[PDB]
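S.K.: First the structure, then my questions, so here it is.
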Amino acid sequence: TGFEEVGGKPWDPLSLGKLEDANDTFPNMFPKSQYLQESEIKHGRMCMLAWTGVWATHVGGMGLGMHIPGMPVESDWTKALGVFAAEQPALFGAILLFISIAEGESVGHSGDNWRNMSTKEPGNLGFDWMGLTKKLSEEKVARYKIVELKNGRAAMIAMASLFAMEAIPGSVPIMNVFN
Amino acid sequence: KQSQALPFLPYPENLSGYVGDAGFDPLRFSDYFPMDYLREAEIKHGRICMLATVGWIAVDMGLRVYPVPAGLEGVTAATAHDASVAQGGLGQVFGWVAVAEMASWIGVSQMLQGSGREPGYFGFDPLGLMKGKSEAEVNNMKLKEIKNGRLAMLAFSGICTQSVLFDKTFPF
Amino acid sequence: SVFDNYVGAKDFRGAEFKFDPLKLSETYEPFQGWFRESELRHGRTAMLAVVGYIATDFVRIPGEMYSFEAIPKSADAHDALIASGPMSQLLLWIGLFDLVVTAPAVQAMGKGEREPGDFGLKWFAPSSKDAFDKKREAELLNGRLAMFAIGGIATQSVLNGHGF
Amino acid sequence: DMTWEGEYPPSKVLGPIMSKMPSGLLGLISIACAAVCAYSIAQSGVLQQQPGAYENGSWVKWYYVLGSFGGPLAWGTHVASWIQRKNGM
Ligand code: CLA
Ligand code: CLA
Ligand code: CLA
Ligand SMILES: CC(=O)O[C@H]1CC(C)(C)C(=C=C/C(C)=C/C=C/C(C)=C\C=C\C=C(C)/C=C\C=C(\C)C(=O)C[C@@]23O[C@]2(C)C[C@@H](O)CC3(C)C)[C@](C)(O)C1
Ligand code: KC1
Ligand code: KC1
């Protein structure tokens, strides 16, 4: 299971995953469980890349300083997209167009997961590409889905931690022991 | 079942009448558009180009109307368009093509809603030439019109491009 | 199941070589007809490319724009013919072929009425399908080898600068 | 007649031409109309600011006006591409 930090049962204190069938007043105005699971996996996958992008481009201590020769040079991650979209406009568009086509294709084949009418399981974007649902057993790929979910939730808290430091400069005291 | 012009592609299956058929159409415009419209457009593109390639060849090889009206004196076929619209000329040609094309539009519009009109059929056969001919001979002459029209479409496009790009008259 | 639907599970010694480590033909099983039509297209392109690099280093077509004085070895034939015209001429006609022929060919392949790789050159094609299947794996093996050969030739002629 | 049920309309709501077109052809047409519209808007932007090419509305080109109306054609052909894909072409 993936509920080991929160007991052994699913965790929902505000009961936000029950809002759609709680009453009858706002019909299909709240997403059902397939959209909520797919948005949880997608927010976690973006936060797993985004926290790595702040960590790999931070030039101070404990954060490893990677750089691509040819890219614009702004180690401040809160302004690096503005200097990349201005100096490399064709590369910025080709990345966005790839993100655009992948995002529309991810629901263009399936159905309405907002209304639990989708035909695919949430998180599966057809990007296995190397094994591994065919290679690994059925309980190993179920273990690795819980791993990607929990590493996605951990990086989501981490990106909320980075969002909070830039807004309220005393939000995270643990991020002061690394400098 | 297989296309004749492309014997690895299947037959497009909407070309089964239509005397000039090679089974050619790879992009399958006959699958999406009405074939009565497509053949009417091919025929009209053909007989316009048959007049155009003969009119461009005649004007480039001498042959002005005599006597030459004012403003068309030193003029080739690649510069006779704008010179004729300033003289008058094409303004009257455009007026009478417009009343022919507005009347033929009612023919095309009624053909696509029924009416049994053949694509590329007007009443224009004043010199006889079809006085009780058999349908195997009528369809043969329709094939000569579409084949010669298909050639003059590629010919005029060759003549008009080469006369302007390399800047010459038709015996290049 | 791409090894039973299609032919080419061989190595350089002729032994049976089921080579799909990433299992792309099972992950993308509807795409395996496209995978073979594009493997042959990459193969048949690289076989003409490896010949056209070696034959250029000795023979040019007889024009002065194509001469040995203009393009020194073979590696400047791309960049010193872009604005000249011959690279734009082949870009037109291959792109016209790919729009008018190949794109209706790959949709007829997906509908199931033509085999992938078949563009109608059946003159020297033998019958007795296993004999044709032996010709396809000879096309595949010479194709797959040329895809590394044109990778080797065009890379080594830039870092070392030597011809052949 | 044109009423429909379920998750997707039938092909016949696209008219008599696009109801027979493949979803991949309508999808690639849509990117072609979107790229022509985005090129027409960007090139009319650089014609507006060029100091010898904007006077008395000389920045307006007929091919850039006609190209910019690929925008609503790119919207419709990508909606039509989705409908043909849901209908199995
Ligand atoms: C090779 C030729 C070429 C050229 C010259 C351009 C040029 C351009 N492209 Mg294009 N593009 C190209 C090829 C090209 N592109 C290709 C091959 C593709 C793929 C098909 C694209 C697809 C594409 C897309 C999708 C977009 C562009 C856009 C642009 C414009 C960028 C302007 C900009 O970044 O301001 C951005 C503004 C700034 C950098 C100023 C802000 C800086 C402050 C300080 C930041 C402060 C923080 C901020 C508030 C936080 C915001 C976060 C939020 C964005 C999430 C520029 C005119 C963009 C555009 O403007 O479209 C209308 C755009 O969205 N292009
Ligand atoms: C607003 C009208 C609108 C509608 C009804 C659709 C509908 C569709 N889109 Mg499209 N799309 C749109 C705008 C729209 N789109 C815009 C603005 C973009 C960015 C350029 C796209 C980029 C896009 C891609 C890459 C893909 C689709 C696809 C699809 C289809 C499947 C659902 C999906 O994945 O899209 C999701 C679309 C969005 C999340 C963006 C739309 C959100 C809008 C802005 C909401 C606000 C609407 C507002 C009331 C009025 C619009 C004002 C206008 C100026 C924007 C569906 C037919 C897929 C497809 O099947 O193509 C064949 C697909 O792959 N769309
Ligand atoms: C990968 C394919 C390929 C490409 C992109 C090139 C590209 C080039 N060749 Mg090379 N060539 C090739 C294969 C290729 N060649 C092959 C296989 C041979 C041996 C016959 C040659 C022998 C050759 C000579 C003798 C010369 C060139 C020259 C050149 C350069 C310019 C003129 C030209 O196009 O030559 C004309 C092309 C040929 C002579 C080869 C004919 C093509 C063969 C028969 C395959 C085509 C078959 C296929 C079915 C055609 C379908 C076309 C499609 C649109 C319908 C250009 C960089 C010229 C140069 O000076 O280089 C700098 C030059 O003098 N090539
Ligand atoms: C298999 C195969 O073959 O290919 C595959 C390849 C691929 C890519 C993977 C696939 C896909 C996904 C696709 C194609 C997604 C495409 C989405 C696409 C292409 C488009 C949305 C436009 C939205 C809006 C709001 C646009 C304009 C909206 C407006 C309002 C305007 O333009 C206004 C304007 O006009 C006027 C009114 C006045 C002008 O003066 C000014 C302007 C211009 C401003 C497919 C489907 O699987 C097919
Ligand atoms: C039946 C009604 C009718 C009248 C009453 C009329 C009259 C004139 N035509 Mg017109 N005309 C047609 C019909 C009529 N025309 C038709 C069916 C066509 C084929 C589409 C046609 C084509 C041309 C061309 C190419 C030219 C042309 C001209 C003149 C000009 C001669 C004055 C003169 O003879 O001294 C007088 C006003 C020439 C010109 O000078 O235009 C400024 C000229 O170049 N016409
Ligand atoms: C059937 C219609 C047709 C015409 C009307 C035509 C015309 C010209 N071709 Mg093209 N061409 C093909 C077809 C046609 N070509 C085909 C099917 C192929 C194989 C893909 C092809 C390939 C090349 C290459 C490699 C070159 C080339 C050129 C020229 C140029 C001068 C030719 C001359 O006078 O000898 C004129 C405009 C050369 C050039 O000078 O480019 C600056 C050049 O290097 N072509």
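Identifiers for the structure tokens are assigned positionally: chains receive A, B, ... in sequence, residues are indexed from 1 per chain, and ligands are indexed from 1 in the order shown.
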Taking only C-alpha atoms and all ligand atoms into account, report as a PDB file with N, CA, C and O atoms, in the first residue's frame which residues have an atom no farther than 8 Å from an atom of ligand 5.

M.R.:
```pdb
ATOM      1  N   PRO B  69      -4.507  48.070 -80.762  1.00  0.00           N
ATOM      2  CA  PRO B  69      -5.075  49.195 -80.013  1.00  0.00           C
ATOM      3  C   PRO B  69      -4.015  49.904 -79.184  1.00  0.00           C
ATOM      4  O   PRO B  69      -2.899  49.419 -78.987  1.00  0.00           O
ATOM      5  N   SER B  84      -3.551  45.176 -70.825  1.00  0.00           N
ATOM      6  CA  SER B  84      -4.908  45.066 -71.341  1.00  0.00           C
ATOM      7  C   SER B  84      -5.945  45.574 -70.353  1.00  0.00           C
ATOM      8  O   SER B  84      -7.001  46.047 -70.777  1.00  0.00           O
ATOM      9  N   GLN B  87      -5.995  49.334 -70.932  1.00  0.00           N
ATOM     10  CA  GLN B  87      -6.577  49.698 -72.213  1.00  0.00           C
ATOM     11  C   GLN B  87      -8.093  49.554 -72.222  1.00  0.00           C
ATOM     12  O   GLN B  87      -8.770  50.250 -72.984  1.00  0.00           O
ATOM     13  N   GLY B  88      -8.646  48.734 -71.336  1.00  0.00           N
ATOM     14  CA  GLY B  88     -10.019  48.295 -71.472  1.00  0.00           C
ATOM     15  C   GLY B  88     -10.019  46.788 -71.473  1.00  0.00           C
ATOM     16  O   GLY B  88      -9.836  46.188 -70.412  1.00  0.00           O
ATOM     17  N   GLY B  89     -10.274  46.175 -72.631  1.00  0.00           N
ATOM     18  CA  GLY B  89      -9.791  44.836 -72.918  1.00  0.00           C
ATOM     19  C   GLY B  89     -10.296  43.722 -72.033  1.00  0.00           C
ATOM     20  O   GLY B  89     -11.426  43.248 -72.178  1.00  0.00           O
ATOM     21  N   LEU B  90      -9.427  43.295 -71.108  1.00  0.00           N
ATOM     22  CA  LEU B  90      -9.767  42.290 -70.108  1.00  0.00           C
ATOM     23  C   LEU B  90     -10.918  42.699 -69.200  1.00  0.00           C
ATOM     24  O   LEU B  90     -11.528  41.825 -68.581  1.00  0.00           O
ATOM     25  N   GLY B  91     -11.209  43.998 -69.078  1.00  0.00           N
ATOM     26  CA  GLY B  91     -12.387  44.419 -68.339  1.00  0.00           C
ATOM     27  C   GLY B  91     -13.676  43.940 -68.974  1.00  0.00           C
ATOM     28  O   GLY B  91     -14.618  43.559 -68.276  1.00  0.00           O
ATOM     29  N   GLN B  92     -13.729  43.936 -70.301  1.00  0.00           N
ATOM     30  CA  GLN B  92     -14.888  43.379 -70.979  1.00  0.00           C
ATOM     31  C   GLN B  92     -14.837  41.864 -71.015  1.00  0.00           C
ATOM     32  O   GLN B  92     -15.888  41.217 -71.006  1.00  0.00           O
ATOM     33  N   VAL B  93     -13.636  41.286 -71.059  1.00  0.00           N
ATOM     34  CA  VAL B  93     -13.503  39.838 -70.979  1.00  0.00           C
ATOM     35  C   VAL B  93     -13.946  39.344 -69.610  1.00  0.00           C
ATOM     36  O   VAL B  93     -14.624  38.318 -69.498  1.00  0.00           O
ATOM     37  N   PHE B  94     -13.610  40.091 -68.555  1.00  0.00           N
ATOM     38  CA  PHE B  94     -14.037  39.720 -67.213  1.00  0.00           C
ATOM     39  C   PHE B  94     -15.538  39.852 -67.039  1.00  0.00           C
ATOM     40  O   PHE B  94     -16.135  39.073 -66.296  1.00  0.00           O
ATOM     41  N   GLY B  95     -16.158  40.816 -67.718  1.00  0.00           N
ATOM     42  CA  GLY B  95     -17.593  40.989 -67.589  1.00  0.00           C
ATOM     43  C   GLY B  95     -18.378  39.848 -68.204  1.00  0.00           C
ATOM     44  O   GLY B  95     -19.378  39.400 -67.642  1.00  0.00           O
ATOM     45  N   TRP B  96     -17.927  39.350 -69.349  1.00  0.00           N
ATOM     46  CA  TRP B  96     -18.633  38.276 -70.030  1.00  0.00           C
ATOM     47  C   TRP B  96     -18.258  36.897 -69.515  1.00  0.00           C
ATOM     48  O   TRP B  96     -19.060  35.968 -69.641  1.00  0.00           O
ATOM     49  N   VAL B  97     -17.064  36.739 -68.946  1.00  0.00           N
ATOM     50  CA  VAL B  97     -16.748  35.509 -68.233  1.00  0.00           C
ATOM     51  C   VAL B  97     -17.582  35.421 -66.959  1.00  0.00           C
ATOM     52  O   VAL B  97     -18.053  34.341 -66.583  1.00  0.00           O
TER      53      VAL B  97
END
```

S.K.: Return the neighbours of chain C among the residues of chain A, cut-off 9 Å, counting only C-alpha atoms, as a PyMOL selection string.

M.R.: chain A and resi 126-132+134-135

S.K.: Keeping only N, CA and C atoms, take the residues you just selected and write them out as a PDB file, in the first residue's frame.

M.R.:
```
ATOM      1  N   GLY A 126       1.561   5.919 -22.007  1.00  0.00           N
ATOM      2  CA  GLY A 126       2.146   5.140 -23.080  1.00  0.00           C
ATOM      3  C   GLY A 126       3.637   5.322 -23.246  1.00  0.00           C
ATOM      4  N   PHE A 127       4.337   5.718 -22.187  1.00  0.00           N
ATOM      5  CA  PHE A 127       5.763   5.998 -22.281  1.00  0.00           C
ATOM      6  C   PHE A 127       6.551   5.002 -21.445  1.00  0.00           C
ATOM      7  N   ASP A 128       6.208   3.722 -21.572  1.00  0.00           N
ATOM      8  CA  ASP A 128       7.020   2.680 -20.962  1.00  0.00           C
ATOM      9  C   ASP A 128       8.384   2.593 -21.636  1.00  0.00           C
ATOM     10  N   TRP A 129       8.399   2.278 -22.935  1.00  0.00           N
ATOM     11  CA  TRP A 129       9.497   2.434 -23.899  1.00  0.00           C
ATOM     12  C   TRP A 129      10.749   1.602 -23.620  1.00  0.00           C
ATOM     13  N   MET A 130      10.833   0.975 -22.452  1.00  0.00           N
ATOM     14  CA  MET A 130      12.023   0.233 -22.057  1.00  0.00           C
ATOM     15  C   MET A 130      11.524  -0.735 -20.993  1.00  0.00           C
ATOM     16  N   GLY A 131      11.326  -1.993 -21.381  1.00  0.00           N
ATOM     17  CA  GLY A 131      10.581  -2.913 -20.533  1.00  0.00           C
ATOM     18  C   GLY A 131       9.182  -2.377 -20.337  1.00  0.00           C
ATOM     19  N   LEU A 132       8.723  -2.290 -19.088  1.00  0.00           N
ATOM     20  CA  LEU A 132       9.223  -3.030 -17.927  1.00  0.00           C
ATOM     21  C   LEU A 132       8.013  -3.604 -17.218  1.00  0.00           C
ATOM     22  N   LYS A 134       6.294  -5.528 -19.044  1.00  0.00           N
ATOM     23  CA  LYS A 134       6.479  -6.856 -19.611  1.00  0.00           C
ATOM     24  C   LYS A 134       7.600  -7.610 -18.911  1.00  0.00           C
ATOM     25  N   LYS A 135       8.638  -6.901 -18.468  1.00  0.00           N
ATOM     26  CA  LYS A 135       9.778  -7.557 -17.842  1.00  0.00           C
ATOM     27  C   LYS A 135       9.505  -7.886 -16.379  1.00  0.00           C
TER      28      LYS A 135
END
```

S.K.: Please provide as a tab-separated table (two decimals) with N, CA, C and O atoms, in the first residue's frame all residues within 12 Å of residue 63 (chain B), with the sequence filter that same-chain residues fewer than 3 positions apart are discarded (counting only C-alpha atoms).

M.R.:
```
chain	number	residue	atom	x	y	z
B	54	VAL	N	-2.48	28.22	-75.91
B	54	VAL	CA	-2.46	28.60	-77.31
B	54	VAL	C	-2.41	30.11	-77.44
B	54	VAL	O	-1.76	30.65	-78.34
B	55	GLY	N	-3.01	30.82	-76.48
B	55	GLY	CA	-2.97	32.27	-76.51
B	55	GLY	C	-1.64	32.85	-76.06
B	55	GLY	O	-1.26	33.94	-76.49
B	56	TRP	N	-0.93	32.15	-75.18
B	56	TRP	CA	0.40	32.61	-74.79
B	56	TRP	C	1.41	32.31	-75.88
B	56	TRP	O	2.32	33.11	-76.12
B	57	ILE	N	1.26	31.18	-76.57
B	57	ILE	CA	2.18	30.82	-77.64
B	57	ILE	C	2.00	31.74	-78.84
B	57	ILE	O	2.98	32.21	-79.43
B	58	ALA	N	0.74	32.07	-79.16
B	58	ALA	CA	0.46	32.94	-80.30
B	58	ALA	C	0.96	34.35	-80.08
B	58	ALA	O	1.53	34.96	-80.99
B	59	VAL	N	0.79	34.88	-78.87
B	59	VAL	CA	1.20	36.26	-78.59
B	59	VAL	C	2.72	36.37	-78.51
B	59	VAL	O	3.31	37.35	-78.99
B	60	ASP	N	3.39	35.35	-77.97
B	60	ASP	CA	4.85	35.37	-77.93
B	60	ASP	C	5.47	35.19	-79.31
B	60	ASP	O	6.56	35.69	-79.57
B	66	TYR	N	-4.88	43.07	-85.43
B	66	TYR	CA	-4.49	44.14	-86.32
B	66	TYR	C	-5.69	44.99	-86.72
B	66	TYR	O	-6.70	44.44	-87.17
B	67	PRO	N	-5.61	46.32	-86.58
B	67	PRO	CA	-4.46	47.05	-86.03
B	67	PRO	C	-4.44	47.08	-84.51
B	67	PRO	O	-5.49	46.96	-83.88
B	68	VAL	N	-3.25	47.23	-83.94
B	68	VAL	CA	-3.05	47.09	-82.49
B	68	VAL	C	-3.68	48.29	-81.78
B	68	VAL	O	-3.43	49.44	-82.18
B	73	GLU	N	1.38	48.03	-77.69
B	73	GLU	CA	2.30	47.99	-78.83
B	73	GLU	C	3.55	47.16	-78.54
B	73	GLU	O	3.76	46.11	-79.15
B	75	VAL	N	4.71	44.80	-76.15
B	75	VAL	CA	4.08	44.01	-75.10
B	75	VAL	C	4.22	42.53	-75.47
B	75	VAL	O	3.89	42.13	-76.59
B	76	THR	N	4.71	41.72	-74.53
B	76	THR	CA	4.74	40.28	-74.70
B	76	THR	C	3.58	39.65	-73.94
B	76	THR	O	2.75	40.34	-73.35
B	77	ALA	N	3.54	38.31	-73.93
B	77	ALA	CA	2.46	37.62	-73.24
B	77	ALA	C	2.59	37.72	-71.73
B	77	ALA	O	1.59	37.70	-71.01
```

S.K.: Could you pull out the residues in chain D that DSSP calls helix (DSSP H, G or I) from the backbone, as JSON, numbers by chain?

M.R.: {"D": [11, 12, 13, 14, 15, 16, 17, 18, 23, 24, 25, 26, 27, 28, 29, 30, 31, 32, 33, 34, 35, 36, 37, 38, 39, 40, 41, 42, 43, 44, 45, 46, 47, 48, 49, 55, 56, 57, 62, 63, 64, 65, 66, 67, 68, 70, 71, 72, 73, 74, 75, 76, 77, 78, 79, 80, 81, 82, 83, 84, 85, 86]}

S.K.: Suppose you want the space between CA of residue 30 (chain D) and atom 17 (C, counted along the ligand's line) of ligand 4; what is it in Å?

M.R.: 6.2 Å

S.K.: Return as a list in words every polymer residue, whether protein, DNA or RNA, with at least one atom no more than 6 Å from an atom of ligand 4; count only C-alpha atoms and all ligand atoms.

M.R.: residues 101 of chain A; 24, 25, 27, 28, 30, 31, 34, 68, 69, 71, 72, 74, 75, 78 and 81 of chain D

S.K.: Atoms to include: N, CA and C atoms. Write the selected residues as a PDB file, in the first residue's frame.

M.R.:
```
ATOM      1  N   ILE A 101       1.751  18.839 -27.424  1.00  0.00           N
ATOM      2  CA  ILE A 101       1.260  17.661 -28.128  1.00  0.00           C
ATOM      3  C   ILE A 101       1.137  16.482 -27.175  1.00  0.00           C
TER       4      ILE A 101
ATOM      5  N   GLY D  24      -5.959  11.577 -38.860  1.00  0.00           N
ATOM      6  CA  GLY D  24      -4.579  12.002 -38.980  1.00  0.00           C
ATOM      7  C   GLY D  24      -4.374  13.050 -40.050  1.00  0.00           C
ATOM      8  N   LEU D  25      -5.166  13.000 -41.120  1.00  0.00           N
ATOM      9  CA  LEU D  25      -5.087  14.038 -42.139  1.00  0.00           C
ATOM     10  C   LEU D  25      -5.655  15.353 -41.624  1.00  0.00           C
ATOM     11  N   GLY D  27      -5.720  16.159 -38.504  1.00  0.00           N
ATOM     12  CA  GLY D  27      -4.817  16.624 -37.468  1.00  0.00           C
ATOM     13  C   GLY D  27      -3.622  17.362 -38.033  1.00  0.00           C
ATOM     14  N   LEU D  28      -3.051  16.851 -39.126  1.00  0.00           N
ATOM     15  CA  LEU D  28      -1.891  17.499 -39.727  1.00  0.00           C
ATOM     16  C   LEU D  28      -2.270  18.778 -40.456  1.00  0.00           C
ATOM     17  N   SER D  30      -4.552  20.742 -39.338  1.00  0.00           N
ATOM     18  CA  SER D  30      -4.741  21.680 -38.238  1.00  0.00           C
ATOM     19  C   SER D  30      -3.425  22.302 -37.782  1.00  0.00           C
ATOM     20  N   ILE D  31      -2.352  21.508 -37.702  1.00  0.00           N
ATOM     21  CA  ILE D  31      -1.039  22.069 -37.387  1.00  0.00           C
ATOM     22  C   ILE D  31      -0.546  22.952 -38.524  1.00  0.00           C
ATOM     23  N   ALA D  34      -2.400  26.170 -38.103  1.00  0.00           N
ATOM     24  CA  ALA D  34      -1.923  26.889 -36.926  1.00  0.00           C
ATOM     25  C   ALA D  34      -0.561  27.516 -37.175  1.00  0.00           C
ATOM     26  N   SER D  68      -3.695  34.529 -41.579  1.00  0.00           N
ATOM     27  CA  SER D  68      -4.087  34.634 -40.179  1.00  0.00           C
ATOM     28  C   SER D  68      -5.438  34.000 -39.905  1.00  0.00           C
ATOM     29  N   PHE D  69      -6.269  33.821 -40.926  1.00  0.00           N
ATOM     30  CA  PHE D  69      -7.537  33.133 -40.747  1.00  0.00           C
ATOM     31  C   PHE D  69      -7.392  31.618 -40.774  1.00  0.00           C
ATOM     32  N   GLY D  71      -6.119  30.454 -38.151  1.00  0.00           N
ATOM     33  CA  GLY D  71      -6.360  30.318 -36.733  1.00  0.00           C
ATOM     34  C   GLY D  71      -7.673  29.653 -36.366  1.00  0.00           C
ATOM     35  N   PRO D  72      -8.804  30.207 -36.816  1.00  0.00           N
ATOM     36  CA  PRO D  72     -10.075  29.492 -36.631  1.00  0.00           C
ATOM     37  C   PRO D  72     -10.188  28.228 -37.459  1.00  0.00           C
ATOM     38  N   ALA D  74      -7.563  26.238 -37.811  1.00  0.00           N
ATOM     39  CA  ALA D  74      -6.806  25.287 -37.008  1.00  0.00           C
ATOM     40  C   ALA D  74      -7.600  24.820 -35.805  1.00  0.00           C
ATOM     41  N   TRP D  75      -8.484  25.668 -35.277  1.00  0.00           N
ATOM     42  CA  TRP D  75      -9.353  25.232 -34.194  1.00  0.00           C
ATOM     43  C   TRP D  75     -10.320  24.170 -34.681  1.00  0.00           C
ATOM     44  N   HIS D  78      -8.848  20.700 -35.765  1.00  0.00           N
ATOM     45  CA  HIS D  78      -8.372  19.836 -34.696  1.00  0.00           C
ATOM     46  C   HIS D  78      -9.531  19.305 -33.873  1.00  0.00           C
ATOM     47  N   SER D  81     -10.609  16.539 -36.219  1.00  0.00           N
ATOM     48  CA  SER D  81      -9.692  15.414 -36.101  1.00  0.00           C
ATOM     49  C   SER D  81     -10.022  14.544 -34.901  1.00  0.00           C
TER      50      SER D  81
END
```

S.K.: With a distance threshold of 8 Å and counting only C-alpha atoms, extract the residues of chain D near chain B and express them as a VMD selection string.

M.R.: chain D and resid 16 to 21

S.K.: Given a cut-off of 7 Å, what residues near ligand 3 show up using only C-alpha atoms and all ligand atoms, put as number ranges by chain?

M.R.: C: 45-46, 48-49, 51-53, 55-56, 59-62, 66-67, 71, 74, 77-78, 86-87, 90, 93-94, 97

S.K.: With only C-alpha atoms as the counted atoms, please give the residues lying no more than 7 Å from region 40-50 of chain A, apart from itself and same-chain residues fewer than 2 positions off, as number ranges by chain.

M.R.: A: 36-38, 52-54, 123, 149, 152-153, 155-156, 159

S.K.: Go through D:41, D:80, D:89, D:66 one by one, measure the shortest atom-to-atom distance of each to chain C using only C-alpha atoms, and give the residue with the smallest value.

M.R.: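 The shortest atom-to-atom distance to chain C comes from D:89.
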
S.K.: Given only C-alpha atoms as the basis, pick out the residue of C:50, C:103, C:92, C:70 nearest to chain D.

M.R.: C:103
